[PDB]
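The file protein.tsv contains TSV, C-alpha atoms:
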chain	number	residue	atom	x	y	z
O	1	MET	CA	5.66	19.54	7.92
O	2	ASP	CA	7.88	18.34	5.08
O	3	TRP	CA	9.49	14.94	4.59
O	4	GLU	CA	12.44	14.09	6.80
O	5	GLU	CA	15.08	11.38	6.64
O	6	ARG	CA	14.82	9.51	9.96
O	10	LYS	CA	17.17	5.24	7.24
O	11	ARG	CA	13.73	6.17	5.89
O	12	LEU	CA	11.84	9.11	4.40
O	13	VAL	CA	8.98	9.89	6.77
O	14	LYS	CA	6.05	12.29	7.06
O	15	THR	CA	2.87	12.36	9.10
O	16	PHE	CA	-0.44	13.61	7.73
O	17	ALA	CA	-3.17	14.91	10.03
O	18	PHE	CA	-6.90	14.23	9.70
O	19	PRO	CA	-10.03	15.00	11.77
O	20	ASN	CA	-10.79	11.32	12.41
O	21	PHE	CA	-9.86	7.71	11.61
O	22	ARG	CA	-12.03	7.35	8.50
O	23	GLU	CA	-10.28	10.12	6.56
O	24	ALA	CA	-6.87	8.81	7.65
O	25	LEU	CA	-7.75	5.38	6.28
O	26	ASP	CA	-9.09	6.94	3.06
O	27	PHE	CA	-5.75	8.67	2.51
O	28	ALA	CA	-3.82	5.50	3.30
O	29	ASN	CA	-5.76	3.71	0.56
O	30	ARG	CA	-4.80	6.37	-1.98
O	31	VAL	CA	-1.14	5.98	-0.98
O	32	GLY	CA	-1.62	2.23	-1.41
O	33	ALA	CA	-2.94	2.67	-4.96
O	34	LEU	CA	0.04	4.89	-5.74
O	35	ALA	CA	2.39	2.22	-4.37
O	36	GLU	CA	0.79	-0.42	-6.59
O	37	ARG	CA	1.25	1.75	-9.69
O	38	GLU	CA	4.91	2.52	-8.98
O	39	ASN	CA	5.83	-0.95	-7.72
O	40	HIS	CA	7.27	0.49	-4.51
O	41	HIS	CA	5.51	0.13	-1.18
O	42	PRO	CA	5.66	2.17	2.03
O	43	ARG	CA	5.13	1.27	5.65
O	44	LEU	CA	1.87	2.98	6.62
O	45	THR	CA	0.76	3.62	10.18
O	46	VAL	CA	-2.91	4.53	10.50
O	47	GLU	CA	-4.49	5.75	13.72
O	48	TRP	CA	-7.15	8.20	14.79
O	49	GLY	CA	-6.37	11.50	13.09
O	50	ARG	CA	-3.06	10.54	11.52
O	51	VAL	CA	-1.31	8.58	8.83
O	52	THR	CA	2.46	8.15	8.96
O	53	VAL	CA	4.06	7.29	5.64
O	54	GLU	CA	7.57	5.83	5.50
O	55	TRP	CA	9.51	5.20	2.30
O	56	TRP	CA	12.80	3.35	2.00
O	57	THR	CA	14.53	0.80	-0.18
O	58	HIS	CA	15.42	-2.36	1.72
O	59	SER	CA	18.23	-3.53	-0.55
O	60	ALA	CA	19.95	-0.15	-0.26
O	61	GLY	CA	19.40	0.10	3.48
O	62	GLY	CA	18.12	3.64	3.09
O	63	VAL	CA	16.54	6.38	1.02
O	64	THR	CA	16.91	6.36	-2.77
O	65	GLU	CA	15.64	8.50	-5.64
O	66	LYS	CA	12.59	6.23	-5.97
O	67	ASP	CA	11.68	6.95	-2.35
O	68	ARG	CA	11.87	10.69	-2.97
O	69	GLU	CA	9.69	10.29	-6.05
O	70	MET	CA	7.12	8.38	-3.99
O	71	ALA	CA	7.19	11.10	-1.33
O	72	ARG	CA	6.45	13.78	-3.93
O	73	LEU	CA	3.67	11.71	-5.48
O	74	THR	CA	2.23	11.16	-1.99
O	75	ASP	CA	2.05	14.91	-1.35
O	76	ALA	CA	0.50	15.43	-4.77
O	77	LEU	CA	-2.47	13.33	-3.61
O	78	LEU	CA	-3.42	16.23	-1.33
O	79	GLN	CA	-3.68	18.65	-4.26
O	80	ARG	CA	-2.97	21.61	-2.00
M	1	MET	CA	0.08	-16.55	16.28
M	2	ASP	CA	-2.33	-15.35	18.95
M	3	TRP	CA	-2.67	-11.90	20.50
M	4	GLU	CA	0.01	-10.85	22.95
M	5	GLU	CA	0.23	-8.03	25.47
M	6	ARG	CA	3.36	-6.06	24.52
M	10	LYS	CA	0.95	-1.79	27.18
M	11	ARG	CA	-0.98	-2.91	24.09
M	12	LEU	CA	-2.67	-5.99	22.63
M	13	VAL	CA	-0.84	-6.81	19.40
M	14	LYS	CA	-1.01	-9.32	16.56
M	15	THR	CA	0.41	-9.45	13.05
M	16	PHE	CA	-1.50	-10.90	10.11
M	17	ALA	CA	0.30	-12.24	7.04
M	18	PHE	CA	-0.75	-11.73	3.43
M	19	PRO	CA	0.72	-12.56	-0.01
M	20	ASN	CA	1.05	-8.89	-1.01
M	21	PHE	CA	0.28	-5.28	-0.07
M	22	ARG	CA	-3.19	-5.13	-1.63
M	23	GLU	CA	-4.65	-7.88	0.55
M	24	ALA	CA	-3.00	-6.39	3.65
M	25	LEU	CA	-4.65	-3.06	2.91
M	26	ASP	CA	-8.00	-4.79	2.26
M	27	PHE	CA	-7.84	-6.39	5.71
M	28	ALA	CA	-6.84	-3.11	7.34
M	29	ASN	CA	-9.97	-1.51	5.88
M	30	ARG	CA	-12.16	-4.22	7.40
M	31	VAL	CA	-10.51	-3.63	10.80
M	32	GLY	CA	-11.19	0.08	10.27
M	33	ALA	CA	-14.90	-0.54	9.66
M	34	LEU	CA	-15.01	-2.66	12.81
M	35	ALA	CA	-13.34	0.15	14.76
M	36	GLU	CA	-15.94	2.64	13.51
M	37	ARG	CA	-18.80	0.39	14.63
M	38	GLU	CA	-17.38	-0.20	18.12
M	39	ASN	CA	-16.13	3.36	18.66
M	40	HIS	CA	-12.65	2.09	19.51
M	41	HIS	CA	-9.72	2.50	17.15
M	42	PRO	CA	-6.46	0.59	16.76
M	43	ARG	CA	-3.05	1.59	15.52
M	44	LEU	CA	-2.62	-0.22	12.20
M	45	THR	CA	0.69	-0.79	10.47
M	46	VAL	CA	0.36	-1.84	6.83
M	47	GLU	CA	3.27	-3.01	4.72
M	48	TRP	CA	3.93	-5.54	2.00
M	49	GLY	CA	2.56	-8.86	3.20
M	50	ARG	CA	1.59	-7.81	6.71
M	51	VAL	CA	-0.81	-5.87	8.87
M	52	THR	CA	0.01	-5.28	12.52
M	53	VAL	CA	-2.99	-4.46	14.70
M	54	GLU	CA	-2.53	-2.86	18.11
M	55	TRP	CA	-5.34	-2.26	20.59
M	56	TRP	CA	-5.10	-0.28	23.82
M	57	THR	CA	-7.03	2.26	25.84
M	58	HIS	CA	-5.13	5.53	26.24
M	59	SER	CA	-6.88	6.74	29.38
M	60	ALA	CA	-6.13	3.44	31.13
M	61	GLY	CA	-2.55	3.30	29.90
M	62	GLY	CA	-3.02	-0.29	28.85
M	63	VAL	CA	-5.23	-3.17	27.78
M	64	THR	CA	-8.88	-3.28	28.86
M	65	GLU	CA	-11.84	-5.57	28.23
M	66	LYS	CA	-12.83	-3.46	25.22
M	67	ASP	CA	-9.42	-4.09	23.67
M	68	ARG	CA	-9.83	-7.83	24.10
M	69	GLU	CA	-13.27	-7.64	22.53
M	70	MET	CA	-11.82	-5.77	19.55
M	71	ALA	CA	-9.08	-8.39	19.22
M	72	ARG	CA	-11.65	-11.19	19.08
M	73	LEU	CA	-13.79	-9.30	16.57
M	74	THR	CA	-10.65	-8.69	14.48
M	75	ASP	CA	-9.89	-12.42	14.32
M	76	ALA	CA	-13.52	-13.13	13.46
M	77	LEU	CA	-13.03	-11.12	10.25
M	78	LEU	CA	-10.84	-13.97	9.00
M	79	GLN	CA	-13.66	-16.51	9.38
M	80	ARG	CA	-11.17	-19.35	9.75

So that I can check it, write out the structure of this file as structure tokens.
Amino acid sequence: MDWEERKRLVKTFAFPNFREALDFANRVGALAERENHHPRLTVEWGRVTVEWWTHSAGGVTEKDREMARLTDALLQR
Amino acid sequence: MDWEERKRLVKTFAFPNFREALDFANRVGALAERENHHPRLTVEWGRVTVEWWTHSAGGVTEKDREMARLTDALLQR
């Protein structure tokens, strides 16, 4: 599945367990630290939901889309 | 704040940034792996929300309360 504007940019990533989901969340966290823009991450067994938005703007901005693309890049598909 | 039954057992933990919130989430994850019971974790700047429930029971069980107490213990207040 690709990113969707739900006002936030959201995508869920599937994993075989909790451990791998948490591992991915940590990589997204490192990315957030580097770009000075943080997501809302939801980690549970087999899934990580990543949400990007800009509070001040009350929605999705170019920075959020950049973070979404950098998040997908972490998968190196 | 103490744990509250919202059917799940929920509590939010405050932090000064995202990094420390993620660090705490990882400790809760290790705890979950040891006890074979996993929470739904929400990590964002300055906060980690921890939710415990048992799917099959459709609510909060003794195991969830045990996990809540073990989660607080991680803080070693």

- 9 Å contacts from chain O to chain M using all atoms listed in the file, as a PyMOL selection string: chain O and resi 21-22+25-26+28-29+32-33+35-36+41-48

- Message: Need the shell around residue 14 (chain O): protein/DNA/RNA residues with any atom at most 10 Å away, counting only C-alpha atoms. Skip same-chain ones fewer than 2 positions apart. Format as an NGL selection string?
- Response: :O and (1-6 or 11-12 or 16 or 51-55 or 71 or 74-75)

Got time to write the residues from that selection, C-alpha atoms, as a PDB file, in the coordinates of the input?
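Listed below is the output, result-v5.pdb:
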ATOM      1  CA  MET O   1       5.660  19.540   7.920  1.00  0.00           C
ATOM      2  CA  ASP O   2       7.880  18.340   5.080  1.00  0.00           C
ATOM      3  CA  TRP O   3       9.490  14.940   4.590  1.00  0.00           C
ATOM      4  CA  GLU O   4      12.440  14.090   6.800  1.00  0.00           C
ATOM      5  CA  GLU O   5      15.080  11.380   6.640  1.00  0.00           C
ATOM      6  CA  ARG O   6      14.820   9.510   9.960  1.00  0.00           C
ATOM      7  CA  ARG O  11      13.730   6.170   5.890  1.00  0.00           C
ATOM      8  CA  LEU O  12      11.840   9.110   4.400  1.00  0.00           C
ATOM      9  CA  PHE O  16      -0.440  13.610   7.730  1.00  0.00           C
ATOM     10  CA  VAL O  51      -1.310   8.580   8.830  1.00  0.00           C
ATOM     11  CA  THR O  52       2.460   8.150   8.960  1.00  0.00           C
ATOM     12  CA  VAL O  53       4.060   7.290   5.640  1.00  0.00           C
ATOM     13  CA  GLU O  54       7.570   5.830   5.500  1.00  0.00           C
ATOM     14  CA  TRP O  55       9.510   5.200   2.300  1.00  0.00           C
ATOM     15  CA  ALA O  71       7.190  11.100  -1.330  1.00  0.00           C
ATOM     16  CA  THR O  74       2.230  11.160  -1.990  1.00  0.00           C
ATOM     17  CA  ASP O  75       2.050  14.910  -1.350  1.00  0.00           C
TER      18      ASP O  75
END

- Query: What separation in Å, quoted to one decimal, exists between CA of residue 79 (chain O) and CA of residue 30 (chain M)?
  - Reply: 27.0 Å

Box for region 3-13 of chain M: with edges along x, y and z, all listed atoms inside and 6 Å added on each side, what are the centre and edge lengths in Å to one decimal, as lines of an AutoDock Vina configuration file?
center_x = 0.3
center_y = -6.8
center_z = 23.3
size_x = 18.0
size_y = 22.1
size_z = 19.8

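Separating CA of residue 34 (chain M) from CA of residue 15 (chain O) is a distance of 23.6 Å.
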